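Protein chains in written order, with our numbering: chain A, 1 to 154; chain B, 1001 to 1024; chain C, 2001 to 2087; chain D, 3001 to 3164; chain E, 4001 to 4132; chain F, 5001 to 5053; chain G, 6001 to 6368; chain H, 7001 to 7089. Even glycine gets a Cβ: it sits at the ideal position worked out from N, Cα and C. What follows is one structure encoded as structure tokens, with my remarks underneath.
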Amino acid sequence: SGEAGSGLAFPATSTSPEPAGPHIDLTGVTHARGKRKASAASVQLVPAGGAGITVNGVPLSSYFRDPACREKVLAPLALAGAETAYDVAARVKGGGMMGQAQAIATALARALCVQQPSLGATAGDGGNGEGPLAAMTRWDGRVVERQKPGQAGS
Amino acid sequence: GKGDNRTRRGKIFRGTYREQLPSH
Amino acid sequence: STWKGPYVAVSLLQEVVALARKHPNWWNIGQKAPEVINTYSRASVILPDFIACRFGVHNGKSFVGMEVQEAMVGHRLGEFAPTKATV
Amino acid sequence: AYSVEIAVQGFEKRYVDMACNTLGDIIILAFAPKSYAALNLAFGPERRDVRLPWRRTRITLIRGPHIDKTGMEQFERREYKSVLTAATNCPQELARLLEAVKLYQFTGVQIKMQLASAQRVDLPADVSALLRXXXXXXXXXXXXXXXXXXXXXXXXXXXXXXXX
Amino acid sequence: XXXXXXXXXXXXXXXXXXXXXXXXXXXXXXXXXXXXXXXXXXXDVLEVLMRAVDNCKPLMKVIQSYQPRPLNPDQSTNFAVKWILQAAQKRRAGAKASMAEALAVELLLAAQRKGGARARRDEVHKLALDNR
Amino acid sequence: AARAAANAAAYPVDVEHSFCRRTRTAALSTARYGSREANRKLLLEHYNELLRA
Amino acid sequence: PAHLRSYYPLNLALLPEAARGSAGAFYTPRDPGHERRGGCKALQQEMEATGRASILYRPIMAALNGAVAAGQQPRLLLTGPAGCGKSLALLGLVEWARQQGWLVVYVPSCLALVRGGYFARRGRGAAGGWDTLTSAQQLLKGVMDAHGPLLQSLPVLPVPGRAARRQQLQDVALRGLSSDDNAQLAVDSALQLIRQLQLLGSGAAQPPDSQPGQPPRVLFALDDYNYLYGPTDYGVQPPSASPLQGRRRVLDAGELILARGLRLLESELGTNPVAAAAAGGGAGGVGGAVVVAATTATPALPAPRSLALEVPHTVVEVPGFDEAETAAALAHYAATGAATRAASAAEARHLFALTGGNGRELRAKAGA
Amino acid sequence: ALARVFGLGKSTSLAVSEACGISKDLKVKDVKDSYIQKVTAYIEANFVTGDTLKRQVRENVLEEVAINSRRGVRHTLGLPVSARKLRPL
RNA sequence: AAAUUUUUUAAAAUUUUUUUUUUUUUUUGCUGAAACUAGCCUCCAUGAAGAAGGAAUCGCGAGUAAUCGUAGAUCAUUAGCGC
């Protein structure tokens, strides 16, 4: 298939590089990757009424177990309006809790983009495009600024 | 002491809740 | 420090055995032991008995004579050799 | 039935790169069928050239000599790693490898080498009798590498045992 | 319609206010919303908050010299929720109950065009009208 | 009341019995004598003594 | 089945210990507003939320009601995520059987069995254990106010086969309730009620003056079961150290007597050989004390979140709030004034995906 | 739940309450006086009333200053040996 | 060996109680030759000021302040606050 360069370097005071694509695999199951922190995540999307939603093995409501963080997980999914019909298979690594949430949100957005082109952003047409979900494709790669090699000095 | 002597928190401040590994 | 060997007083003990030529503690209960005992180190602990002994302890400038009585038996001798920062 | 792993350590990426390429030349020469006429080659799909990242650690210094507690500067050591993979079945070319790495001297670059291999085991006949299946390949030898005039072409060489 | 989420989120972030979990302040402010329901039907919540904040909009700001300045209404919201919350800490430290009750009773009173937020608010409105 | 899973301790020596579930293999290592072959002798004796069970 | 996915109001007169200021009976009457809120904690939450008492008719409670009326399994376990259909469904089953007039002992919160209250030593040894006056006595007062007339109606049945051992009901409840300085009496009275209710549900001893008339059905309901398995709050001074150096030998669940007697799923006495003989173990021989326990994912003291059970029994998971009943519950919250407004199909699907079946946070998000 | 005794510290407080049987979540307004007699009896089974101990430590450091020892003149001087506002004298 | 312990004036816990042999894993104040001054650890006990700080003023506008740990150095151990 003809995918292309989608990536960005949006941040201030430190750059980023998520060279990973989103793509559909021949099982009818798309795969995508997303990080929004140095903590990182991947997804795998099956159109199904099976187990529903899954990161890190477990059902989601015990792993993430602050509610606000749960809608931070669901926010691209709720913005899509295509909530139920996909099995959500996903993996995460690193960082802290809602960083994992917004990272896995971006990855779920990417997989949803290769599922439906117009809802979100991609590199299908020159790395440009516009839908409701096209805003949260390109990750917010700001990390912590580095603890300053210098003094408090006050 | 942030509860230095008798807590499950201030003893990570005094480096004891992390039990010291046996080394030399 | 009671665990695994609680007492250190070797040079003091060499001087104590020097005193112990007729009686370590007035076996001949105590009579002040008029021969002066002058240690050169205060890291020493104090052992039970050792009563009525004239101990001369070093302060870094001299030797300080103090008679031991019944209360100071579980102590370390350097507690009685100060640097005199009175005021 | 011999397996070889070569690990390589360096400071300039130039030297560890040349080291990796020249030992790769040595491996491919060492099992090379230079002529057809004898025909048990091992390019089995175990074979790799796995690269590796490093051990990120920053070690900083006072710039100034005396008061100068403002004056900091950061410093840093790099270790670059590769591992070289092969395995083979006859020992004479393995000895050609070990003598090859005995001759060609490499600059500033450590050679640590792993040689898991099969070697036969005698038993007292009592335990063979009282045998009458898993891996159980457990020798894992160990050797020193310093304080006796060696700048570290050390070879470690665990062993695998076989007694059915 | 999204300005409800905007005003509520700015309420949350200004309720964070010391370093901590915005989960802590978020459950705190949602507790203020439910306590507003309880005291309101005791002796109809997003309604009374939207009315309270739209009662509290400082449209024209003034800069001292005294010179008035026009203001983009998102900072009007942003000052608004600020004045609400420093009045809230005034009342709560005077009560020294929780903060959720204090922000609840203040959102009711600023809905009812009463309270120190409304006082500060409309004096700086009229003082913006004064020095033209 | 917290400890690392990998104790990785010191101030001692042993034969280090261990198993690897990834490849279904047991692992024993050498530590006592200076030369490698003396250790091969010790672990070979340990292997024979292992099979007395 | 026409009541499916709906609410229904709750006969609170059948529930004496459910909402009441539970622990404050045998203490001082407290400062008002200071009352130690035990009772049914989830139904207290539903009570303060909606202002009423009504629960949503889920089909798993229908299967629960049919199975409990069946008698084809007297031992059930309910386990799922925290409060999400355990306390609601359990109290729904209790009220259902109390519209059938059954004989019910219901522990509202087994935390209150094992937390707090004045205590003492009974005996020494392996069978020597621990006894808490207040927890067992609160259980007594709950049972007696729950079934006073029926309890007075039943006289003291003799023991099956332990009369040979000693040779070798409102009576007992009022025997237990009488005093608060001999606690061993009170707890022993409690477990005497336990075995006598097990014997009555067995159908071993039918009275000679009674009519041809079927005995009241014994239902034991245990909310938050594994507090009978986690370590307790009561501790002791060990016999070794001085009281000055007193580290606490914390007492365990098996070291209590009463909760050890309350281990009904591990009890043999629902699997009665007397009821295996007189009722035959048949489908017409529904003659065992049908006992149900549900336990939560939020223990207040470190209990295991699963139950490693040796005794055979049937486990039933409580599923989460599925989409239709989330929409219905949100409609009910739109009724009771907890909400301001109706929910969209989008926001209902959103809440379903959000709480994952957690009831209590679904109640929490209801204003939003 | 006697986290409430005053002449003693907290761990011994819950110890004495446990030694007569008082668990947590009990108030001082919920103890009958028989248990008060029991806990007082257990106080002279334990050590008593930290002002009795403050008298005790008064002769303890009286013993230490009677030894002509510099911690004695610390206690007559008020210097930290590890706020001379409080002293043991 | 076996079907015993504990209450009131009728009950309760076990079918495991009482003997001998066993046995692990932690535990030991720590480290150092020596921890009084003058280390550090653990556990008791006594429980100070302090209820947000004037005049004055400093620092810093996004993964920043603040808050939270974490690991590295020198180091026998001592960094709890230093870096």
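Query                                                                                                                      : Result
Alpha carbon of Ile7036/H to alpha carbon of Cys6110/G, nearest angstrom                                                   : 29 Å
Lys35/A beta carbon less than 9 Å from that of residue 165/A                                                               : Summary: the structure shown does not reach residue 165/A, with chain A confined to residues 1 through 154, and so no result is reported for it.
Expected contact under 8 Å - CB spacing of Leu6193/G and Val6143/G to nearest Å                                            : 7 Å
Proximity winner among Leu3061/D, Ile3067/D, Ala3086/D, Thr3088/D, relative to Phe3075/D (alpha-carbon distances)          : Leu3061/D
For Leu3097/D, the nearest candidate out of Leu3115/D, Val3050/D, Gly3108/D, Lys3081/D (CA to CA)                          : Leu3115/D
Helix, strand or coil at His4125/E [DSSP, three-state]                                                                     : helix
Below-9 Å beta-carbon distance, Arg7070/H vs any chain C residue                                                           : yes
CB contact below 9 Å: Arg6115/G versus chain H                                                                             : yes
Supposed close pair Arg6037/G, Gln6044/G - CB separation, criterion 8 Å                                                    : 7 Å
Which residues DSSP lists as bridging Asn2038/C, in chain order                                                            : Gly2056/C
Members of the segment 6209-6231 of chain G that neighbour chain A once the beta carbon cut-off is set at 9 Å              : none
Helix, strand or coil at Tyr7042/H [DSSP, three-state]                                                                     : helix
Length-filtered (4 minimum) alpha helix (DSSP H) runs lying within the segment 6016-6058 of chain G                        : 6041-6050
Partners in chain A for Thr3070/D, counting only beta-carbon separations shorter than 9 Å                                  : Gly150, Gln151, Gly153
Buried or exposed (CB count within 10 angstroms, at least 16 for buried), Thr6028/G                                        : exposed
Option nearest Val6172/G by Cα separation, candidates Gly6161/G, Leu6154/G, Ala6334/G                                      : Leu6154/G
Per-residue contacts from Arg5003/F into chain B (C-beta, under 7 Å)                                                       : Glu1019
The alpha helix (DSSP H) enclosing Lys7054/H, as first and last residue numbers                                            : 7052-7066
Residues of its chain near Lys1011/B, where Cβ-Cβ distance is below 6 Å and the 5 sequence neighbours each way are ignored : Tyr1017
Three-state class that DSSP yields for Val3101/D in the structure shown                                                    : helix
Residue from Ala12/A, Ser14/A, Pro19/A whose Cα sits closest to the Cα of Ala123/A                                         : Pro19/A
Among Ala6186/G, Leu6139/G, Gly6367/G, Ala6002/G, the one whose alpha carbon lies nearest that of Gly6039/G                : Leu6139/G
Straight-line Cα distance separating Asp66/A from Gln4089/E                                                                : 27 Å
Backbone CA spacing between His5046/F and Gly5034/F [nearest angstrom]                                                     : 17 Å
Per-residue contacts from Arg5021/F into chain D (C-beta, under 9 Å)                                                       : Those do not exist, as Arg5021/F stays about 11 Å from chain D at its closest Cβ, beyond 9 Å.
Rounded straight-line distance, which links the Cα of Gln4067/E to that of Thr4077/E                                       : 21 Å
Proximity below 9 Å, CB of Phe6220/G to CB of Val6316/G                                                                    : no
Meets three-Cβ-pair contact criterion under 8 Å: the segment 6272-6280 of chain G and the segment 6177-6194 of chain G     : no
Amino acids of chain A, ordered along the chain, whose beta-carbon sits closer than 9 Å to that of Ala6346/G               : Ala78, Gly81, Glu83
Outcome for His6147/G when other beta-carbon atoms lying within 10 angstroms are tallied against a minimum of 16           : buried
For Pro6001/G, the first and last residue of its enclosing beta strand (DSSP E)                                            : Counting along the chain, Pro6001/G falls outside any beta strand (DSSP E), and DSSP gives it neither H nor E.
Contact set between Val3083/D and chain F, taken where Cβ atoms lie within less than 7 Å                                   : What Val3083/D touches in chain F: nothing, since even the nearest Cβ is about 17 Å away.
Cα-Cα separation, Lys1002/B to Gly1015/B                                                                                   : 13 Å
Whole-angstrom distance between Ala2052/C and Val2016/C, CA atom to CA atom                                                : 12 Å
Minimum Cβ-Cβ distance from residue 7129/H to chain G less than 9 Å                                                        : Within the shown structure, residues of chain H are numbered from 7001 to 7089, placing residue 7129/H beyond reach of any answer.
As assigned by DSSP and simplified to three states, the class of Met3113/D                                                 : strand
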